[PDB]
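Two forms of the same protein chain are encoded below as C-alpha cells; each is given separately, as structure 1 and structure 2.
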Structure 1
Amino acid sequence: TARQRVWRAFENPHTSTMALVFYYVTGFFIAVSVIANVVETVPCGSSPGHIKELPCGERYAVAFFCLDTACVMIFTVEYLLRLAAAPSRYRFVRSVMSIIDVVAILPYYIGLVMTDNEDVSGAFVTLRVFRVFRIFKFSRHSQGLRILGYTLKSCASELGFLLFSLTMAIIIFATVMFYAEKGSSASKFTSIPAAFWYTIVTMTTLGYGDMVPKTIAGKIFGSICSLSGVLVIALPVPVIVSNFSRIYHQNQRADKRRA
C-alpha cells in the first residue's frame, strides 16, 4: 500500500498534512523559479569595471545558478517520486503534466551537458524560453483552470474552424492591402506576409500604428478591416460562453446526482 499511499498523497494533497505541506513547498519553489527567471534579465547596474549594464543573471551568475539548480533538483525529485509511485507509470509519462514537467526541467540538464560548448548561441535562448514552462506547473494548483481546459477541449473544433475563417479573412485583407499599398513611398507593405502583421493588428483593434495605409484605397480597405475586427471581437464569445455554461450546468447536475 506504500505506492498507493504516496500516489494518494500526491494526487489529492488535502487528504493529509504532510502531503499538503509538501504540496505548498513545491508550489513555493515553482514561484521562486518563475520569479528568478523573470528577475535574472533585469539590468541590475553599471557594475563598475564593466561598461555594459550587466543583467542580474550575469553579474550574480553563481547565485542565480545555485537557485536554479536547487529548484531543478526539487522538481526532478518530485518527478521521480511521482513516476515511481504511480499506479501506471507509462500512463503517467504520456500525461500532459509529465511532459510539461520534463520539458521544464530538461533545459537545465542540456545546459549542464553543453558546458563544454559554452559558446552556444541561439539554442540556449530557446532553452531559456522553454524554461518558462515551469509556470504551467501551477495547473495542479488551481481548479477553475482545469474547467477552462475542459471547455477549451470541447470547443477545439469550433475554435479551430473559427481560426480558419479568421485566417482566410487575414489572407484576403492582406492581399488587398498589399496590392493597394505596395506603391507608396518607403511603404512597410513589402509583401503579403508583411501585410499579415497589419491585418492581424487591425482586426484585433490594436492599431499599433507602425503600419498604417497611406493611399485612399488602402484606407478604405483598412476601414473594412477595422469593421471586420469589430465582429472578430464578438465571434468567439458565443461558442466559448455557451460551451462553458453548459459544462457549468452539467457539473452542477453531477454534484446534485452525487448529493
Structure 2
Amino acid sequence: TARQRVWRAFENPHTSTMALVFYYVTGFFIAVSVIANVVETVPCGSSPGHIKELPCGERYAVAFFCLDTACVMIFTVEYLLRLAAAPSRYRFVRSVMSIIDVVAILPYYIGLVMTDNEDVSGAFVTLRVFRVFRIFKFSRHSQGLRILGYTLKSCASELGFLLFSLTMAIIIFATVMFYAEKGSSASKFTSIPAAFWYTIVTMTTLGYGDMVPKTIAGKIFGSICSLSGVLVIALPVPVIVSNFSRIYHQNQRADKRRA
C-alpha cells in the first residue's frame, strides 16, 4: 500500500510533510532553472584579454552546466517517482503534466548525446529554446495556470475559429495591401507573404511602423484592416474570459463545499 501512499503525497502535497517539502523543493528548482536559463545569455563583461564581452553561460560554462545537471536530476527523480507511484502508469504517461515533464527533461539528455553537435547551430538553438518549457512545470504549483489550461481546452472551437478567421483576414488584407503597395518606391511590400507581417501588425493594433502604406489605397485598406482585426480578435475574448471565471467559480464552490 506504499504505492498509493506515495501517489497521495504527490497528488496532495499539503497532506503530508514529506509531500510538502518535495513540493517546495521542486518549485524552487524550477524557478532556479528558469532564472539560470535567462541569465546565461546576459553579457558578463569582457574577460581578461577577451575581445568582446562573453555571455555568462559561456564564461561560466562549467557552473551553468552543473546547475542544469542538478535541476535536471531533480526533475528526473521526481518524474521517475511519479511514474513508479502511478496507479495506471500508462494513463499517467499520456497525461499533460507527464508530457510537460518529459519535454522539460529531454533536451538535457539529447544535448548529452549530441555533445559533438553542441557547437553546431540549429539543434543547439532548438534545445536551448525547449529548455524554457520547464516553466510549465509551475502548473503543478499554480491553480490559475491549471484553470487557464482547462478554459483553453473548453474554448477549443472558438480558438479554432479565431485561428481560421484570422488566417482568412490576414490573407485577404495582405493580398490587397501587396497589390496596393508593390509599386511604391523602395516598397517593403515585396510579396503577399511579406505583407502578412504588416497585416498581422495592423490587425492587433501593434503598429510597429516598420511597414507602412504610402498610397491612398494602402491607407484605406490598412484602416479597414485594423478595424477588422479588432473585430476578429474580439470575437472569442468574452468567451475565454467567461469560461475562466466560470471554472474559477466552480473550483471555489467545490472548495467551500468540501471545507
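Numbering for residues begins at 1 and runs along the sequence of structure 1. If you superpose the two forms and keep the largest set of C-alpha atoms that fall within 1.5 Å, you have the rigid core.
Of the residues listed here (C56, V201, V232, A194), only one shifts its CA by 2 angstroms or more between structure 1 and structure 2 after fitting on the rigid core, and it is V232. Superposing C-alpha atoms between structure 1 and structure 2 reveals a rigid-body rotation of the smaller part against the larger of 21 degrees. Core-aligned Cα shift between structure 1 and structure 2 at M18: this is 1.3 Å. CA movement of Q250 between structure 1 and structure 2 equals 4.9 Å, with the two forms superposed on the rigid core.
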